[PDB]
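> Quick one: the structure is below, questions incoming.
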Protein chains: 6
Amino acid sequence: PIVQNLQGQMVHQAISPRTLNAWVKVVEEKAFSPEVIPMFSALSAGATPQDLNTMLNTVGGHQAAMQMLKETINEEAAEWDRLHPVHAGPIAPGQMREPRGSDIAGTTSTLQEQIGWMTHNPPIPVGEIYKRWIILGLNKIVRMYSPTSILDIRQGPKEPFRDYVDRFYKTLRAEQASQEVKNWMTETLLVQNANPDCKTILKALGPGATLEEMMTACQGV
Amino acid sequence: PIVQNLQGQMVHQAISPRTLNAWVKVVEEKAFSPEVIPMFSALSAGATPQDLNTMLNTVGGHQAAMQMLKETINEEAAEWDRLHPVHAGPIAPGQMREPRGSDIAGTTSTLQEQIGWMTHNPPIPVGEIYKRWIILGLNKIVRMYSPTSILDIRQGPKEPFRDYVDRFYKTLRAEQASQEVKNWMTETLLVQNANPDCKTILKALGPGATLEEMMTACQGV
Amino acid sequence: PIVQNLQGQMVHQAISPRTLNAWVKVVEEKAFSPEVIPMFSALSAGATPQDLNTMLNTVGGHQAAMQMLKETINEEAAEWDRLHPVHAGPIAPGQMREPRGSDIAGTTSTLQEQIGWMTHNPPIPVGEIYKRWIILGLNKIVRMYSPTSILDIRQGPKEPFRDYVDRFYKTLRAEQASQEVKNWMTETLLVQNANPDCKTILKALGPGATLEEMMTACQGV
Amino acid sequence: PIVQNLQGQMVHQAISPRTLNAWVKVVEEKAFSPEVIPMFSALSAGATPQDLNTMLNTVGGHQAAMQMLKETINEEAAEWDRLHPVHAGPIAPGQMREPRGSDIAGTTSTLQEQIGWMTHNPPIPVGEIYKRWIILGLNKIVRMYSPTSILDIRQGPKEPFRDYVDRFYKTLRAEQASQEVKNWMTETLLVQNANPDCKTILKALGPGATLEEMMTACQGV
Amino acid sequence: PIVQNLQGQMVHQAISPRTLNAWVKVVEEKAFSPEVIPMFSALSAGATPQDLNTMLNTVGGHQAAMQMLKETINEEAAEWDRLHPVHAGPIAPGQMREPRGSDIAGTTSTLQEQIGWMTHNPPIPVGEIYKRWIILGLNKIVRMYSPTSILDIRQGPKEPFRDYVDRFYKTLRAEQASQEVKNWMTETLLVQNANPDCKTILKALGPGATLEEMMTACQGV
Amino acid sequence: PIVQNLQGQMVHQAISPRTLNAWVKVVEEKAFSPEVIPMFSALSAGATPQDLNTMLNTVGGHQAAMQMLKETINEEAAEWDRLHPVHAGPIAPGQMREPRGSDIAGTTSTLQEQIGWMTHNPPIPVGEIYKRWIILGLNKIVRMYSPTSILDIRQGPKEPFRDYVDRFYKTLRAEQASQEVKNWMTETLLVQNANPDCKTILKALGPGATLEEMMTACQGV
Ligand SMILES: [Cl-]
Ligand SMILES: [Cl-]
Ligand SMILES: [Cl-]
Ligand SMILES: [Cl-]
Ligand SMILES: [Cl-]
Ligand SMILES: [Cl-]
Ligand SMILES: [Cl-]
Ligand SMILES: [Cl-]
Ligand SMILES: [Cl-]
Ligand SMILES: [Cl-]
Ligand SMILES: [Cl-]
Ligand SMILES: [Cl-]
Ligand SMILES: [Cl-]
Ligand SMILES: [Cl-]
Ligand SMILES: [Cl-]
Ligand SMILES: [Cl-]
Ligand SMILES: [Cl-]
Ligand SMILES: [Cl-]
Ligand SMILES: [Cl-]
Ligand SMILES: [Cl-]
Ligand SMILES: [Cl-]
Ligand SMILES: [Cl-]
Ligand SMILES: [Cl-]
Ligand SMILES: [Cl-]
Ligand SMILES: [Cl-]
Ligand SMILES: [Cl-]
Ligand SMILES: [Cl-]
Ligand SMILES: [Cl-]
Ligand SMILES: [Cl-]
Ligand SMILES: [Cl-]
Ligand SMILES: [Cl-]
Ligand SMILES: [Cl-]
Ligand SMILES: [Cl-]
Ligand SMILES: [Cl-]
Ligand SMILES: [Cl-]
Ligand SMILES: [Cl-]
Ligand SMILES: [Cl-]
Ligand SMILES: [Cl-]
Ligand SMILES: [Cl-]
Ligand SMILES: [Cl-]
Ligand SMILES: [Cl-]
Ligand SMILES: [Cl-]
Ligand SMILES: [Cl-]
Ligand SMILES: [Cl-]
Ligand SMILES: [Cl-]
Ligand SMILES: [Cl-]
Ligand SMILES: [Cl-]
Ligand SMILES: [Cl-]
Ligand SMILES: [Cl-]
Ligand SMILES: [Cl-]
Ligand SMILES: [Cl-]
Ligand SMILES: [Cl-]
Ligand SMILES: [Cl-]
Ligand SMILES: [Cl-]
Ligand SMILES: [Cl-]
Ligand SMILES: [Cl-]
Ligand SMILES: [Cl-]
Ligand SMILES: [Cl-]
Ligand SMILES: [Cl-]
Ligand SMILES: [Cl-]
Ligand SMILES: [Cl-]
Ligand SMILES: [Cl-]
Ligand SMILES: [Cl-]
Ligand SMILES: [Cl-]
Ligand SMILES: [Cl-]
Ligand SMILES: [Cl-]
Ligand SMILES: [Cl-]
Ligand SMILES: [Cl-]
Ligand SMILES: [Cl-]
Ligand SMILES: [Cl-]
Ligand SMILES: [Cl-]
Ligand SMILES: [Cl-]
């Protein structure tokens, strides 16, 4: 993170050991469940590309996902260099240079250069752009490591409707279904995969029924 | 949360890992017991709509309640757009725009826009309004997931009166009974569902008896 | 709690998750032992009526004691309204209004109104008065939930005198005995309920003996 | 504790939940071992008489020692009132009054009065004086609860000399032996209670031998 | 670490017990796994050579690696003295002297001298240079303590392809393979060491296939 | 520790409960292993003689080492009084007096006197000098409590060379061997106490071999 110096400068704030161990423990415990991506977005608030690389390098194991994530960063950095070409002549002494793709990734850039980009006015949010690339690669890792398909999420003859709905939207979240995909799935597959007794209840509920109405109705079955 | 910059600005304060792990652990341990709603109100003091969405997205599992909560937010945001219509012409450069329903929800708004709304004078408390919508949806989830009805809360022939009163008001709290409903329930059902020996004691106590008098009297049975 | 803003205002300070979980854990572990009341007085130092209601609402279970505590707050708020009647005409725009009983309880008052009362000069300590009502109700709950009477605290024929004195004053504290009641109980019941050998030792010690002299003398028996 | 307000006042700083739970846990775990008295002196650095009473009242159990400690405070407060008599006429409006014995104890004094005494120039260190009374009573409790006499600390025929010296000075510390008492005990009883083989080694070491020389010599036996 | 004094000086900030115990616990738990080197780089952000020596000396055990690390520091300090020779005449009173190799190591230098070097303008980053020597020695220790060769990382006939890729890049990271070495290893050895069914799938995928394409294809085998 | 007051004074900063419990737990767990001495040097950064005495007095047990440590402090304080004699006439009102040996030890000096010595210009570092005496006594305690001699550290016929080197330098550290003693021991005893197969490998390696070369060579045996 970046914090303002008491004299006036903008200095880099080290990652607290609390944030470090919290990150390595939620990865050790929950692996690549969907909820660890917003947790990574929370523990990396205001971080620089060097801070982001620090959090990612402290991960033990999961090196297959780390190399996949590194390939996604390289692709996004290449697209950035295509969209933001540099007229790189001789360097200007003491002036802010335009960041390349690898500069946003924090590999070919220094902590001072990253601070100067993020604290500029207008700021070049190299930390937020890099963080957006990491979220993109993490979404691909979570989707790939999704165990079950939505076709195999069917309510058992004695499973409570709320528990089957739990597995339903848990699978939809792992498969990176957007909110509209979840809405259309609520109108169709959720009713069509409920057990016979609940399915007749959900059909008699009528179209346009909300999730509160569907779960309250099938509470008795 | 929002904190004042030492130079003068109003900057966003990141959620501490302590607050994050405290929230995900009380949800993992207590699920949707009534006491986790005031705990959510405590851990989200002064938070922005982006901070609130961060706390809600870090929840693992319970995706049925999350989609229900998302439906309640959509309904309240639609009622807000009906009560506060916008005369949305061309945008004013560098000026504060009127927040829509989805802007209060933190989806179609940015962290800077939320800060500007909350730090304005008079403030547009988008964080408190969004937080009020979340409390409303959480109350519906707790009420739906209430296991027992108040009819099945009856004092056993050897259960202490205080323990039966514990289950009594615990069930009333889960079923979202207001304070007047609990007062009228104390005058009627609490006596009518006590075991025979305690019931005769509570009847001889006379009307208008307080809970201290009722629990002290049936202490011997 | 209330903390001074760096610009000059008096702003509300959110309850730390450390204070929250410390409160819910000492209630989960020790229930209504006498020592949890001073702990509640320590964890609620400088709190507002809204902060106090937050700590009390985060308690899981014990709803019988919570409703008893709520009845005691209502009684004390009614006595306050009798002792401090309001000449409530039309409201004065932008001026501090006189707090009623429910305003001290934090139900009919807002966080801004509570801050203005507590930060006034002279301050209207609505937080300390409300906290004094809560301590009063908590004392009634601890006294009611006291298991043993002082008559059944008698030194066994092989129990060390210090352990019997432990149970003695532990029972006296639960039954809300004041310091003079404990002093007179030390002169009388403590000697009269010691086992025969210690009782003869305590009688030969002479009147006006201190607790250090009584426990050192019966150390051999 | 007392901390300086940013505007200029001297305000009371609440006891952190870390300090509270640390105190109640070292008392729960170690009871009245000698090392808990310096720990109490460390966790109560700069505390007011109200903070000290808060830490002492949060102790669960050990009510026999608490009443003994309360008797010692009363004795020291009575000796203070004898050494510092007050010419208590009518009170001076807005002026600092002379603290009595019970005012130092924090019972007949308020937090504001204690702050004014401690922050005066020259300060009336009511917190340090009260803390000195508490240390005096705690020393009497630790000495009374000392299990073994120094006569029964004798080196076994196969116990390492360092372990017997451990029990030796551990017993001397519990019995409140000063440093000179420990020095004279090192010259005499420590050698006279070592097992025969070590005792002959310690005698041949010569007089005026240090503890390093005594423990290094008997390392082989 | 170094922090600015409120008056104006640059003072040394002590290592927090959180950072200390976090370092000694990740060494106790994970030994010399690759991820503990970036963790050491994170917990030592902004540290002085004295702070670095403190963190390294608090390590219990692993004294073989500690002496190896000490030999690597001596070699790098000797190369520094060769690249930066000093014209060491008489000392200049009150002036900053040129740091030698052992001065960067923090052995022949004091905390004040290290602060003056790091807080100078331009700064002599003795902490970052020393930290770079430590990372170099730690890399040699991790590489030496690597258990398996990449030749013995072969996918079992029933091991999921992602798990074999996990062991593959985990071994490559332990053997200090750079990113290009990992890229060329992905093109060659990763396919040539997959089990027969996956190997035929990876060959039919075509050249230039990414890790996401390789792991998604062999998901069925 | 000492911290600067916001008004301008230099005030004593209380030891945090984190630092206290961290010290008493590393002593409870690791006793007098060599690594607890640098840990004590880290947890006592910037401490006063009163803070140092507080940390040492909170130690439960190990009273044999505590009395040995107290004898070493007395010897060093006597040598200080010999090297720095005082011309102690009448005291100068309001002036800084020269510290004696017991004043550095923190027994015959007050917290205010210690602060004035440490915050003077030039400072009288009574805390660092006392801390240097404590490190000296702790080194004697660790050396005395060293279990094994270096003669009994011999590589087993099936022990990995790195593990035997671990026990080798672990024993050398406990016996307070300096770095040159460890270097000469690496050239001689380390090879002469390796098992026959490794010993022939280390002899064929040639003289002047480094620890990295010795451990990499004997990796196969
Ligand atoms: Cl920087
Ligand atoms: Cl941590
Ligand atoms: Cl999120
Ligand atoms: Cl790395
Ligand atoms: Cl750009
Ligand atoms: Cl940009
Ligand atoms: Cl995706
Ligand atoms: Cl069933
Ligand atoms: Cl599932
Ligand atoms: Cl259907
Ligand atoms: Cl259901
Ligand atoms: Cl159900
Ligand atoms: Cl912002
Ligand atoms: Cl945390
Ligand atoms: Cl609440
Ligand atoms: Cl999400
Ligand atoms: Cl509006
Ligand atoms: Cl509004
Ligand atoms: Cl509801
Ligand atoms: Cl029974
Ligand atoms: Cl129930
Ligand atoms: Cl009835
Ligand atoms: Cl009862
Ligand atoms: Cl009962
Ligand atoms: Cl406010
Ligand atoms: Cl917490
Ligand atoms: Cl109290
Ligand atoms: Cl509530
Ligand atoms: Cl009033
Ligand atoms: Cl008032
Ligand atoms: Cl009472
Ligand atoms: Cl017995
Ligand atoms: Cl009892
Ligand atoms: Cl009698
Ligand atoms: Cl006894
Ligand atoms: Cl006894
Ligand atoms: Cl105050
Ligand atoms: Cl705590
Ligand atoms: Cl002490
Ligand atoms: Cl009390
Ligand atoms: Cl006085
Ligand atoms: Cl005085
Ligand atoms: Cl004593
Ligand atoms: Cl033996
Ligand atoms: Cl003992
Ligand atoms: Cl003798
Ligand atoms: Cl021994
Ligand atoms: Cl021994
Ligand atoms: Cl310094
Ligand atoms: Cl710690
Ligand atoms: Cl890194
Ligand atoms: Cl060391
Ligand atoms: Cl240089
Ligand atoms: Cl340089
Ligand atoms: Cl390497
Ligand atoms: Cl299988
Ligand atoms: Cl492996
Ligand atoms: Cl091939
Ligand atoms: Cl796979
Ligand atoms: Cl698979
Ligand atoms: Cl002071
Ligand atoms: Cl602690
Ligand atoms: Cl060190
Ligand atoms: Cl002591
Ligand atoms: Cl001097
Ligand atoms: Cl000096
Ligand atoms: Cl030594
Ligand atoms: Cl073997
Ligand atoms: Cl060993
Ligand atoms: Cl040889
Ligand atoms: Cl080896
Ligand atoms: Cl090996």
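Identifiers for the structure tokens are assigned positionally: chains receive A, B, ... in sequence, residues are indexed from 1 per chain, and ligands are indexed from 1 in the order shown.
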Could you list, as a CSV table (one decimal) with C-alpha atoms, in the first residue's frame, every residue of chain C that has an atom within 8 Å of an atom of chain B, counting only C-alpha atoms?


```
chain,number,residue,atom,x,y,z
C,6,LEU,CA,-8.3,15.8,13.4
C,14,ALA,CA,-16.5,2.2,15.7
C,15,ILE,CA,-16.2,-0.8,18.1
C,16,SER,CA,-13.1,-2.8,17.3
C,17,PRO,CA,-13.7,-6.4,16.3
C,54,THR,CA,-24.8,-3.1,19.7
C,57,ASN,CA,-27.7,-7.4,20.7
C,58,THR,CA,-24.7,-9.4,19.5
C,59,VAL,CA,-25.3,-11.8,22.4
C,60,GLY,CA,-26.4,-15.2,21.2
C,61,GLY,CA,-28.8,-17.0,23.5
C,62,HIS,CA,-29.6,-16.0,27.1
C,63,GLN,CA,-32.7,-14.3,25.7
C,64,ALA,CA,-34.5,-14.7,29.1
C,67,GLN,CA,-35.8,-9.6,28.2
C,68,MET,CA,-35.3,-9.1,31.9
C,71,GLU,CA,-37.6,-4.6,31.5
C,144,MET,CA,-31.1,-14.6,40.3
```

> Enumerate as number ranges by chain all residues of segment 48-177 of chain B assigned to alpha helix (DSSP H) by DSSP on the backbone, naming them with the chain letters and numbers the document uses.

B: 49-57, 63-83, 101-104, 111-118, 126-144, 161-174

> Counting only C-alpha atoms, what is within 10 Å of residue 129 of chain B, bar same-chain residues fewer than 3 positions away, as a list in words?

residues 49, 76, 77, 80, 104, 105, 124, 125, 126, 132, 133, 134 and 135 of chain B

> Export, as a PDB file, in the first residue's frame, the selected residues with N, CA and C atoms.


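Written output follows (out.pdb):
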```pdb
ATOM      1  N   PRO B  49     -20.659   1.290   0.031  1.00  0.00           N
ATOM      2  CA  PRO B  49     -21.285   0.175  -0.700  1.00  0.00           C
ATOM      3  C   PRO B  49     -20.286  -0.809  -1.285  1.00  0.00           C
ATOM      4  N   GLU B  76     -35.558  -3.244  -3.289  1.00  0.00           N
ATOM      5  CA  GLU B  76     -35.412  -1.968  -2.596  1.00  0.00           C
ATOM      6  C   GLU B  76     -34.791  -0.907  -3.494  1.00  0.00           C
ATOM      7  N   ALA B  77     -33.877  -1.301  -4.383  1.00  0.00           N
ATOM      8  CA  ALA B  77     -33.307  -0.342  -5.323  1.00  0.00           C
ATOM      9  C   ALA B  77     -34.341   0.120  -6.340  1.00  0.00           C
ATOM     10  N   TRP B  80     -36.476   2.637  -4.572  1.00  0.00           N
ATOM     11  CA  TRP B  80     -35.748   3.895  -4.470  1.00  0.00           C
ATOM     12  C   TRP B  80     -35.832   4.684  -5.770  1.00  0.00           C
ATOM     13  N   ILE B 104     -26.500   3.071  -5.260  1.00  0.00           N
ATOM     14  CA  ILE B 104     -26.471   2.801  -3.827  1.00  0.00           C
ATOM     15  C   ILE B 104     -26.010   1.373  -3.568  1.00  0.00           C
ATOM     16  N   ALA B 105     -26.411   0.437  -4.431  1.00  0.00           N
ATOM     17  CA  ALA B 105     -25.979  -0.950  -4.308  1.00  0.00           C
ATOM     18  C   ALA B 105     -24.486  -1.130  -4.545  1.00  0.00           C
ATOM     19  N   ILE B 124     -25.156  12.280   1.265  1.00  0.00           N
ATOM     20  CA  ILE B 124     -26.079  11.285   0.727  1.00  0.00           C
ATOM     21  C   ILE B 124     -25.644   9.938   1.290  1.00  0.00           C
ATOM     22  N   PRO B 125     -26.217   9.490   2.408  1.00  0.00           N
ATOM     23  CA  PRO B 125     -25.690   8.293   3.078  1.00  0.00           C
ATOM     24  C   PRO B 125     -25.963   7.013   2.306  1.00  0.00           C
ATOM     25  N   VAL B 126     -25.291   6.847   1.163  1.00  0.00           N
ATOM     26  CA  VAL B 126     -25.509   5.662   0.339  1.00  0.00           C
ATOM     27  C   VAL B 126     -25.074   4.402   1.074  1.00  0.00           C
ATOM     28  N   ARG B 132     -29.100  -0.591   5.205  1.00  0.00           N
ATOM     29  CA  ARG B 132     -30.467  -0.834   5.649  1.00  0.00           C
ATOM     30  C   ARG B 132     -31.173  -1.846   4.754  1.00  0.00           C
ATOM     31  N   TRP B 133     -30.855  -1.857   3.457  1.00  0.00           N
ATOM     32  CA  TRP B 133     -31.410  -2.878   2.573  1.00  0.00           C
ATOM     33  C   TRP B 133     -30.862  -4.256   2.919  1.00  0.00           C
ATOM     34  N   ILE B 134     -29.575  -4.330   3.263  1.00  0.00           N
ATOM     35  CA  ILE B 134     -28.957  -5.611   3.588  1.00  0.00           C
ATOM     36  C   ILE B 134     -29.541  -6.174   4.877  1.00  0.00           C
ATOM     37  N   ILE B 135     -29.763  -5.312   5.874  1.00  0.00           N
ATOM     38  CA  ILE B 135     -30.377  -5.757   7.123  1.00  0.00           C
ATOM     39  C   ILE B 135     -31.784  -6.281   6.865  1.00  0.00           C
TER      40      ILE B 135
END
```

> Set the cut-off to 8 Å, count only C-alpha atoms and all ligand atoms, and list whatever residues fall near ligand 61 as a list in words.

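Those within range of ligand 61 are residues 11, 12, 111, 112 and 115 of chain F.
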
> May I have the residues from that selection written out with C-alpha atoms, as a PDB file, in the first residue's frame?


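Printed below is out-v1.pdb as written:
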```
ATOM      1  CA  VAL F  11       7.922   9.974  28.101  1.00  0.00           C
ATOM      2  CA  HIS F  12       8.176   6.289  28.983  1.00  0.00           C
ATOM      3  CA  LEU F 111      12.163   5.694  35.688  1.00  0.00           C
ATOM      4  CA  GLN F 112      12.517   9.476  35.408  1.00  0.00           C
ATOM      5  CA  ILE F 115      14.724   8.584  30.902  1.00  0.00           C
TER       6      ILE F 115
END
```

> Counting only C-alpha atoms and all ligand atoms, what residues are within 10 Å of ligand 7, given as a list in words?

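Final answer, ordered by chain and number: residues 135, 136, 137, 138, 139, 140, 141, 142, 143, 144, 174, 175, 176, 177 and 178 of chain A.
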
> Pick out the residues no farther than 8 Å from ligand 5, counting only C-alpha atoms and all ligand atoms, and list them as a list in words.

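For ligand 5, the residues inside 8 Å are residues 84, 98, 99 and 124 of chain A.
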
> Keeping only C-alpha atoms, take the residues you just selected and write them out as a PDB file, in the first residue's frame.


```
ATOM      1  CA  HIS A  84      -0.917   1.772 -25.552  1.00  0.00           C
ATOM      2  CA  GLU A  98       5.009   5.726 -19.872  1.00  0.00           C
ATOM      3  CA  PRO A  99       4.478   2.280 -18.284  1.00  0.00           C
ATOM      4  CA  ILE A 124      -1.768   5.902 -13.782  1.00  0.00           C
TER       5      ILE A 124
END
```
